[PDB]
Amino acid sequence: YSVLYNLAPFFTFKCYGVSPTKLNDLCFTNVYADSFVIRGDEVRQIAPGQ
Amino acid sequence: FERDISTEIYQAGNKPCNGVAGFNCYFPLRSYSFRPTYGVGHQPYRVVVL
């Protein structure tokens with residue numbers, strides 16, 4: 001789960017409910033990969049409904 | 001039974017920020033929402049230990 005951290009000059013992320021620390025130690029069964037394009041201002045809407 | 005209160009930003013992902021609070025540096029102190037009406041699981045409680 002440790003992608004390159006020089007990925008982009010500007011990057012935003014907020015993990016709620018899962019601690020990014022020791023993220024290798026904790027693990028699950030299956031993980032999904034998704035792609036999206038949302039404008040700069042509207043990326044805040046990615047949340048539990050809001 | 002140990003108390004520590006500190007708000008200095010730390011090197012969460014190496015490259016110590018030393019007050020920069022930039023990318024890969026996330027703040028240690030997080031607040032509570034405590035909505036006027038919400039689920040009982042996310043509603044403030046008061047506790048005292050004797």
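Every residue, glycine among them, receives a Cβ derived from its backbone with ideal geometry; neighbour counts consider all protein chains shown. None of the figures in this text is laboratory data; all of them are computed from the coordinates on show.
On the principal axes of its Cα set, how long, how wide and how thick is the protein assembly as shown? Give whole Å, largest value first.
50, 35, 33
Please compute the modelled spin-label separation between A:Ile38 and B:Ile5, points set 7 Å along Cα→Cβ, answer in nm with one decimal.
Placing both labels 7 Å beyond Cα along the Cβ direction yields 3.7 nm.
Among A:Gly49, B:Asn18, B:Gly41, whose Cα sits farthest toward the positive end of the charge dipole of the protein assembly as shown (+1 at Cβ of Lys/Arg, -1 at Cβ of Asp/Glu, about the Cα centre)?
Checking the options against the dipole of the protein assembly as shown, the answer is B:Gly41.
Take the Cα coordinates of chain A, assign each an equal point scatterer, and use the Debye formula without solvent to give log10 I(q)/I(0) at q = 0.21 Å⁻¹.
-1.16
From Cα coordinates alone, what are the radius of gyration and Dmax values for chain B in angstrom?
Here Rg and the maximum Cα pair distance are 16.2, 43 Å.
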